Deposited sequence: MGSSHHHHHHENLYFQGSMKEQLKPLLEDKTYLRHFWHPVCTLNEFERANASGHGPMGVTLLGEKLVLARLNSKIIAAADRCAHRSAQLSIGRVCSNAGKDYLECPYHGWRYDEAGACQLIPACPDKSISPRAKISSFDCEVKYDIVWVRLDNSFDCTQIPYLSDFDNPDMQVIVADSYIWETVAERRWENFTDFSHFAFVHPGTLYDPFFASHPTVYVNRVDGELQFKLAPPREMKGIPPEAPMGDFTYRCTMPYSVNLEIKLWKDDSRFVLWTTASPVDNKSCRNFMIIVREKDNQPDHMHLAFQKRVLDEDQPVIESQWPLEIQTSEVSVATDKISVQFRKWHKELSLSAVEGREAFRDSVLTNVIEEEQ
């Protein structure tokens, strides 16, 4: 009974797999190799010649995990060396040395899948499928704004799927029950008028109450949220950002970024407050079952954001099965409520 039966669409989006700090801590070299799991796939990350690559975590020779091998160099070029019989892979996933027969000549069969991989906002992003060429790395505002300061949090795992995490983050009606002593609900028992737009691959909506502020959401699909809070009294802004990464069928790894105006307060005060909130949501959201969004779930008027999110996920899931042009239309066609 799940809404989103086919997951092929998710392969065409950029997903975060770890923070840059997490990547550099994964191996004593500071350059990997490191193992991550994305959409059920086991990937290896390694920094070769100052660029982080993402490849299949599976040597073509005898299937050892490259993520427990080592980054090594020859003639000023870096390679990912297998831990087992030492085959070396370059940034494109081509095996450039078989040490057992080094003269050579290396079969084209000796090659692993190499994937789109870029560092942005001090997070490592991977896109498994290039074919449809219409997705970009999720939007975050003010990372480079010199009036503000950034916290890139360590990532955290929830035992639910990424859709449940996104719908939790964009919902206010649960504050009275999940967050009663922690978060004030500025809309309780209200039905604010909220227009939901699709603009350039993003869900965009704005919430205003009837200290008070506005809530402006830019949400790169399928799993990101950029929440701009603008205070009414004064023009001070606060950005809370999260993206859920679809690790596998039962978990997601979540990346939080806090952007705030410079203040001489300890960063840990802001991180610990968000952790306190996260720890209130976590057991409620992990109790939701089945994990996958189900068609039988009952939506009411205040679930407009969630309904629009589910609608676009379903359409994207179907469009990707249809082919390149269907998908690109679904991603790129703007839809302004009116």
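Engineer: Which parts of the deposited chain sequence are absent from the coordinates, listed in sequence order?
Structural biologist: Since the structure holds only modelled residues, the stretches it omits are 1-23, 234-243, 372-373.
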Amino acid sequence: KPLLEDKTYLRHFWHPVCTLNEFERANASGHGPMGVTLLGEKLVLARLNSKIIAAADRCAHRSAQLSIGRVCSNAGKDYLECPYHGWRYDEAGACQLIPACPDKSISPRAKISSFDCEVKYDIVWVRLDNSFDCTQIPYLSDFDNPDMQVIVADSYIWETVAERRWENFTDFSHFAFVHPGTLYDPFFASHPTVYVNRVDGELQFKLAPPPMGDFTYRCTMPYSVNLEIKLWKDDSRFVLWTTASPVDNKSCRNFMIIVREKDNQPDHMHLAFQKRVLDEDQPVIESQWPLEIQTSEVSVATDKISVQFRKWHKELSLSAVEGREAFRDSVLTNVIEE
From here on, numbers count along this sequence of modelled residues.
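Engineer: Read off the CA B-factors in the entry, average them over 299-307 and over 283-291, and name the higher stretch.
Structural biologist: Comparing 299-307 with 283-291, the higher mean C-alpha B-factor belongs to 299-307.
Engineer: Would 261-269 or 153-161 have the larger average of its C-alpha temperature factors, as given in the entry?
Structural biologist: Mean B over CA atoms: larger for 261-269.
Engineer: Specify which of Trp241, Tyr223, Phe169, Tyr184 carries the largest Cα B factor in the deposited PDB entry.
Structural biologist: The C-alpha B-factor peaks, among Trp241, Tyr223, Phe169, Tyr184, at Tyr184.
Engineer: Among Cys82, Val71, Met212, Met256, which carries the highest Cα B-factor?
Structural biologist: In this record, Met212 carries the highest C-alpha B-factor of the candidates.
Engineer: Of the three thirds of its chain by CA temperature factor, lowest, middle or highest, which one includes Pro138?
Structural biologist: Lowest third - that is where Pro138 ends up once the chain's C-alpha B-factors are sorted.
Engineer: Going by the CA temperature factor in the PDB record, which third of the chain does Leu207 belong to: lowest, middle or highest?
Structural biologist: Its C-alpha B-factor belongs to the highest third of this chain's values.
Engineer: C-alpha B factor of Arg324, ranked within the chain: lowest, middle or highest third?
Structural biologist: Its C-alpha B-factor, which the entry lists for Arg324, ranks in the highest third among residues of this chain.
Engineer: Using the temperature factors of the C-alpha atoms in this entry, rank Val196 within its chain: lowest, middle or highest third.
Structural biologist: It falls in the top third of the chain.
Engineer: Divide the modelled residues of the chain into thirds by Cα B-factor and specify which third, lowest, middle or highest, holds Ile106.
Structural biologist: Highest third, going by the recorded CA B-factors of the chain.
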